[PDB]
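Engineer: Protein chains in written order, with full-length UniProt numbering: chain U, 267 to 316; chain S, 117 to 166.
Ideal placement from N, C-alpha and C gives every residue a C-beta, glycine not left out.
Below is a structure I'd like to ask you about.
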Amino acid sequence: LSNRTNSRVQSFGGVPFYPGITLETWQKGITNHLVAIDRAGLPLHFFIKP
Amino acid sequence: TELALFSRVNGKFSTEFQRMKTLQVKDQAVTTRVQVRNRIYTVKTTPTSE
Ligand SMILES: *[C@@H]1O[C@H](CO)[C@@H](O)[C@H](O)[C@H]1NC(C)=O
Numbered sequence: 267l268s269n270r271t272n273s274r275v276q277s278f279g280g281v282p283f284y285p286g287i288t289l290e291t292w293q294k295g296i297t298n299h300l301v302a303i304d305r306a307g308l309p310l311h312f313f314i315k316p
Numbered sequence: 117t118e119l120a121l122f123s124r125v126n127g128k129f130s131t132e133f134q135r136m137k138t139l140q141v142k143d144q145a146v147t148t149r150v151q152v153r154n155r156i157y158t159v160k161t162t163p164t165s166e
């Protein structure tokens, strides 16, 4: 016999993920835990103006 | 072996041998690994610190 199970989670913002958690409780649990995921910015020298 | 002489002298000789042999080998090997890593904040020092 040979069983070989590999899992791998990666969260970004939201509840600290633990294996026994459901996707519903993870979605409901981002009420306070949010992380920037996409950002737009300007070169810094553009903010030095009279 | 059965022998009959003169229809009066009878001789029986019955030998039975019986050998049973059973071998059983069982092996199990379970390897488990879990690796959790939470990176919650990132605390950086202010540029203007004394
Ligand atoms: C593990 O091995 C068993 C053998 O009895 C098999 O039925 C099962 O599908 C394998 N995988 C898991 C995840 O249990």
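1) Whose CA, out of U:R270, U:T297 and U:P285, lies closest to the CA of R153 of chain S?
2) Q151 of chain S to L289 of chain U, Cα distance in whole Å?
3) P309 of chain U touches chain S at which residues, Cβ-Cβ below 7 Å?
4) Under 9 Å Cβ-Cβ, which residues of chain B neighbour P282 of chain U?
Structural biologist: According to the structure shown:
1) U:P285
2) 20 Å
3) Going along chain S, no residue has its Cβ under 7 Å from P309 of chain U, so there is no contact; the nearest lies around 19 Å.
4) Going by chain labels, chain B is absent from the structure shown, which instead holds the protein chains U and S.
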